[PDB]
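Chain order of the listed sequences is G, A, H, Y, B, P, W, D, C and F. Following the authors' numbering, the numbering of the first sequence begins with 10 at its first residue and continues without gaps. Following the authors' numbering, the numbering of the second sequence begins with 105 at its first residue and continues without gaps. Following the authors' numbering, the numbering of the third sequence begins with 1228 at its first residue and continues without gaps. Here the fourth sequence stands for residues 1 to 165, 174 to 318, where the numbers follow the authors' numbering. Here the fifth sequence stands for residues 160 to 163, 174 to 190, 195 to 257, 265 to 318, where the numbers follow the authors' numbering. Following the authors' numbering, the numbering of the sixth sequence begins with 443 at its first residue and continues without gaps. Following the authors' numbering, the numbering of the seventh sequence begins with 1 at its first residue and continues without gaps. Following the authors' numbering, the numbering of the eighth sequence begins with 13 at its first residue and continues without gaps. Here the ninth sequence stands for residues 494 to 562, 569 to 696, where the numbers follow the authors' numbering. Following the authors' numbering, the numbering of the tenth sequence begins with 1081 at its first residue and continues without gaps.
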Amino acid sequence: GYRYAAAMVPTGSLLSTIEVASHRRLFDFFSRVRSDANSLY
Amino acid sequence: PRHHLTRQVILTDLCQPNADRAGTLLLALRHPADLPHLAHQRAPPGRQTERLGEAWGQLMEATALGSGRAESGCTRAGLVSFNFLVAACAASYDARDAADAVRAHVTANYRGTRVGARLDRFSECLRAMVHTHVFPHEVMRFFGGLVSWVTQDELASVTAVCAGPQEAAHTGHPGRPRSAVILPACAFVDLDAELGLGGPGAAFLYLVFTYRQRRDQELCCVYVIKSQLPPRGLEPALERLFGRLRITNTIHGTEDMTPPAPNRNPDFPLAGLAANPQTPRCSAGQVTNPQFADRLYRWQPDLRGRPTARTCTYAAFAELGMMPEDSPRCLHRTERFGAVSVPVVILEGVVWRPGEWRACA
Amino acid sequence: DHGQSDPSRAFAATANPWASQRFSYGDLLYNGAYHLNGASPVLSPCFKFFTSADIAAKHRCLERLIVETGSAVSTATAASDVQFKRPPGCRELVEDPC
Amino acid sequence: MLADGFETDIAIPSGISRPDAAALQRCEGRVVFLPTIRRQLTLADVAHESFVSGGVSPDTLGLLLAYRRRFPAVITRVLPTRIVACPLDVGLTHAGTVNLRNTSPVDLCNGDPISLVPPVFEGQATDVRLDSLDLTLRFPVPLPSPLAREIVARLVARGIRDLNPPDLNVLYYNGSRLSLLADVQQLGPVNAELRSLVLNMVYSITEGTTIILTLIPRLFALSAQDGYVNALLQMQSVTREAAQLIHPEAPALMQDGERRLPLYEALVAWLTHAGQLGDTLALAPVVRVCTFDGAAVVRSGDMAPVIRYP
Amino acid sequence: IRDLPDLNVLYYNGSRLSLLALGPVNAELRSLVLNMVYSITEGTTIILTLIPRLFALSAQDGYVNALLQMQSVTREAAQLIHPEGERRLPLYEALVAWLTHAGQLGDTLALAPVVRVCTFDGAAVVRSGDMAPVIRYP
Amino acid sequence: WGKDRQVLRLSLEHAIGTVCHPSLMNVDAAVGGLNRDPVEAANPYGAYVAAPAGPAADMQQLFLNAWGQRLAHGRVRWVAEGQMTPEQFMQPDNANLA
Amino acid sequence: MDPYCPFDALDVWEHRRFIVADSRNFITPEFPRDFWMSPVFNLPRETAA
Amino acid sequence: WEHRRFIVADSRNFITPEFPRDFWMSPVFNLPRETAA
Amino acid sequence: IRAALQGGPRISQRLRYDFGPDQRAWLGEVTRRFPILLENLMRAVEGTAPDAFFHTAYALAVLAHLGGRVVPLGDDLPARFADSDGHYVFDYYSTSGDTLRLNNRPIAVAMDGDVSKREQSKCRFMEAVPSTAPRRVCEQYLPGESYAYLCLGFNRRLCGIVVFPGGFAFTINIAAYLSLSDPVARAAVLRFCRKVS
Amino acid sequence: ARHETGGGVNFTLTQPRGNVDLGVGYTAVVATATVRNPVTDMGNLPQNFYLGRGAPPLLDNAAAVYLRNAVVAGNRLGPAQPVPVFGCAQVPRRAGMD
């Protein structure tokens, strides 16, 4: 699980938005979160 | 929102809240001093009498060999954790791979020695529950889900949620707040698949025991069933799954029970003697006198070989709770329980409402 | 092992031939395993002596054994009438020279 | 139950004949069967048209088996866009009070459990059609718990007549007279109600019931010495002419009667099947009336407060 | 019922009970006894009247043979049940009146769970004369 | 001496409640466990019983010719215990304490 | 002539993942029963005499 | 799912074959202790 | 066989199977066809060569029983469990046409619930350690599964059960009718057996 | 923590705390100086195995009832009511504690 406080202050943002769940198979830690789950805190 | 906490200091003989961390089911018991003669009282005739207490005795004798937890005390064990009961009945599930996976950490992640001696004995007690005819759903009763637990040697403090949402209770660690329901995948069986009915809506969680009555080995299976049916509508659905178990409990289970000498009797002549006006009758003052009762009809019913609804019993249920969302959320993950991985169904946003039991016989 | 002598009595091999040998009359009455008692809530003071499972499971280094008998768990309780097996969740910090 | 309660929005299609819009505001409290607990639904799922069976229009007796598979909900307030209703199986409101406008020929009193019954009565049927949307609405009749147990008992006994090639129609309440209709009953749903009886019938027969059959000649003599016992037989029972002919005697000795209680096993198994049968045939009486201001009778056509049961 | 094995024994969680404590209670409860025996015996004659082979053939075999075929969901229901000057037995007029009386005992003898106990900041077992905490179903 | 400076009698007349119970005659565990690892067979003179064969007028003369070897191969166990000092019997000199 | 069966006929639905109480079935082939003849074993040429 | 008609078999099921009268006394069942075969 | 079938017996099933409603016309054929099979068993077991007859499982039950009268067999065939009950060694004979043996490795089947009460008993194969090059079709089927196979077999204490199509069977005690004497039997064992080392 | 039960409202307060030894080796000593009231009486009670229940009975049903009636009555520890099938028989409530 990646640190949620780390992504609070990002270095640089992405530009082109795609369905990221198109390919989970090329990633390491991936979690789809409907609007606001409990475990973010 | 409004939720109700409970506190009851119960032993860690058959529960490990250090192991089964947060949001597991718990089941209360009837303090087994009531048990032995109820089996001597409520059993069908011809069966073995004291098999229950002798089997239950071998459990209590094998609870603690070391350090001498005595066979009777003021504080008596009342709580059985849910993952223990799944691992007790673990030989009867369909998916054998996940079944031993539940039993794997039960023998390992618990605190004690020779835990597998308890497992094969407690299930043997459950085999002795049904034959001696004190049914476990009369003994087992729902108790809330864990939020916090203060542990020590054998006795421990348990905080559970009896009613309301499983979420909204505070854990006690602000580092890790509100918890969710953790259930093993061997018991969580939907009826949305096996009835083919999709669509959104809310669902009613159901605890279900299963009873296979026979003079041979008897079984137990526990299921947490997610369904859109009420208790007024659950009865055919439990019949359609377990129909063969319904047939065998009617045929078998009544052995040994002595029939009368066949046959008794040729049928009653109430319809035959009511039409003819020449048939002899008697007034209210004439009956219970011997002379007026001599000419009357004699009718001896015999019912000793009847397989009746007490022995036609199969599966039973009770209300457990809702899932009030438009679509329920059921995740399938595996967790440690270091270092054993278990197939676990995680339920989201469960609100607790218990209910009385009901036999589907 | 009775080809070997005893530690505390290196003169001879036993003091009781009906204790201190496997399957003795001293064994089967008061072992932890063989279980003629326990359903009696009354104590058996030599349960600490004859239980072969416990002593085989004990610690050896004396930086722990001295401390563990400064706060050892007692085998009985005071508030009950007779010497009973303890009401088994409670604890009393009692030192055991025995 | 939720803390804030749960409400479902039944959506109305925008094609509206305006006199039908003012006709739906008279729906203020009725009973509506929902199939699911989806928070947003349509009028098509509510009306009688989707409520039909496959190829078969349902009859009055077999309509109850469709009810117990659905969720009776009560309309609270009707907006021009949608209809807001509260389910009864779900925790009903925030406060705990639902107002039920009655469609009943029967007056209501305090603390009466309410089961709900289809429109059965002759000439007093109540439907609302929507000619713009092609929708027909059948709103069931709320009734007190014994009358709901009577009308189910009357109709089921009517179907068991027609399986064999007079009379029993009219029932009374507070001395008043009212009748009900007999057109047809589908032979399938009569069989399911028949089987639901005889299973629970036979399950109430145990070895201790052999003894209680031998107490029958005692009661017919005891009913002559006490006026209370004579009022139970009701002059029409089967046991009276059975006591005049059959003199039973108890089987003896019992098998293993040293240890056990035959009569006690009989009574417990009797209460779980025969005494439970008012719940089996019709649906459960979830609703009873508890007026917060002291009043004996709620008149026909007026609202009544509702507190859950049991 | 015995006025026309000891019934005074009850154990709960390791505590004896004595239901005897005779004179008034046996006479005070007598109306509860009569409505049982009226409802039970009237049922077990009407069920008997519709199917005359219940206490007849057989003791085990033909009974269970008649049980299972009646027990299934299949459409063979009325074909295996019913039998069909000379006066009428009012059977169907007695079915309704029996279902009223037996249905009347449903609401009385269910003894609905109004109250549940959740012990909190107190003893596990609530004894006689103690104040118990009380929570109804939400 | 007791607690309250009382002379308290303790006798073996007072010791009925342990020995009189039928658990002394529990043997089954000892036989069922000592037959795990089999031991070599010692001199079977007193361990065996023959049925009386033939007339008893010539019984003993037929006996000694059957057992003329087996008597003198080793030492009889039970006789040699008779000459043991009660302290020597406790010692591992016998190796028959087990 | 059939063998005696006290219990006539039943209908049970099952699911493949929920196959419980494993008993086995009596197998008969797809061709009708008239094709397999009466069992004929004869050795009159092989004479003991 | 899988659908079937179903018949429960019990040990009370039995079959009653019938023999011809001259069938039972056979040269095979009545062989002597010593044969010329 | 005469002692078990004397008079009119009811051949009740000792096994557990499941029937269809069409299956009775197959079982109705079992009635009319029945007694000719009991000849053909006694015919075909007679018709084998005596060299071939000591490779029958019927002879293997005899040679194992006479060892008790630690004696293994010379052919290493039967199950490792020589427990006196609950283990059976089966040959299959065809119900149809020419009745011939359709096996050459005998089949070891264990059952639970024999003579002590007339009950059903489930069947189970024994082991799968030998897989020598030809496997037969008939080894795949348990006894009583098939339309095709009459089944026959014996216990370590030599009690005989004869499984029919439809699970029907009955007990046979051969051991009360063996007239083999002890010098004949000891001669027969040592020529056909080995000794466990 | 705010939680309402029991007619009123319960307030509970928790303070999580920690413990770490700062010394390597022994940093603390218990010294046992004096002796108060010796709680246990120094008298006599023979132990009964009739409360034990885990022994196989002898095969004479007259003699087993004969022995049990002999040693229970009127011993100080023997059970008043005969023992249930698994449950622990209780000690009779004595009048005064000596």
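For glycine and all other residues, C-beta sits at the position ideal for the given N, C-alpha and C.
How many whole angstroms separate the CB atoms of residue i and residue j, which I take to be in contact at a CB cut-off of 8 Å?
| i | j | result |
| --- | --- | --- |
| C/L649 | C/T594 | 5 Å |
| Y/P58 | Y/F33 | Actually they are not in contact, since the Cβ atoms of Y/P58 and Y/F33 sit about 12 Å apart, beyond 8 Å. |
| A/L163 | A/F247 | With 8 Å as the limit, A/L163 and A/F247 do not qualify as a contact, their Cβ atoms being about 20 Å apart. |
| B/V206 | B/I160 | 6 Å |
Can you pull the DSSP bridge partners for residue i?
| i | result |
| --- | --- |
| A/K330 | A/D294, A/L309 |
| C/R623 | C/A609 |
| Y/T136 | Y/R129 |
| G/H32 | Looking at the DSSP assignment, G/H32 forms no beta bridge with any residue, so it has no partner. |
Just the Cα atoms here: how many angstroms apart are residue i and residue j?
| i | j | result |
| --- | --- | --- |
| P/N536 | P/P480 | 19 Å |
| B/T299 | Y/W278 | 34 Å |
| A/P411 | A/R245 | 28 Å |
| C/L599 | W/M1 | 27 Å |
| Y/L186 | Y/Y180 | 7 Å |
| F/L1125 | H/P1324 | 24 Å |
| A/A273 | A/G127 | 11 Å |
| Y/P80 | A/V113 | 56 Å |
| C/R635 | A/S283 | 59 Å |
| C/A537 | C/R509 | 28 Å |
| Y/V314 | Y/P142 | 12 Å |
Nearest CA to the CA of residue i: which residue from the options?
| i | options | result |
| --- | --- | --- |
| C/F667 | C/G596, C/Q499, C/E618, C/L559 | C/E618 |
| H/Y1257 | F/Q1127, F/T1107, F/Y1146, F/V1151 | F/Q1127 |
| C/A632 | C/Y640, C/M610, C/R604 | C/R604 |
| Y/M1 | A/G268, A/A341, A/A420, A/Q145 | A/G268 |
| A/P149 | A/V206, A/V262, A/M361 | A/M361 |
| A/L400 | A/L435, A/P384, A/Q112 | A/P384 |
| B/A274 | B/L202, B/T214, B/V178 | B/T214 |
| A/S431 | A/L131, A/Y418, A/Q390, A/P304 | A/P304 |
| F/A1135 | P/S453, P/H456, P/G516, P/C462 | P/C462 |
| B/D234 | A/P366, A/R222, A/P405 | A/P366 |
| W/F31 | C/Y646, C/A684, C/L677 | C/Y646 |
May I ask you to report which of helix, strand or coil DSSP gives residue i?
| i | result |
| --- | --- |
| W/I19 | coil |
| residue 82 of chain A | The structure shown does not extend to residue 82 of chain A, since chain A is modelled only from 105 to 465, so the question has no answer here. |
| W/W13 | strand |
| C/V688 | helix |
| A/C416 | coil |
| A/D124 | coil |
| Y/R248 | helix |
| Y/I75 | strand |
| W/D34 | helix |
| A/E154 | coil |
| P/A493 | coil |
| Y/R226 | helix |
| Y/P87 | strand |
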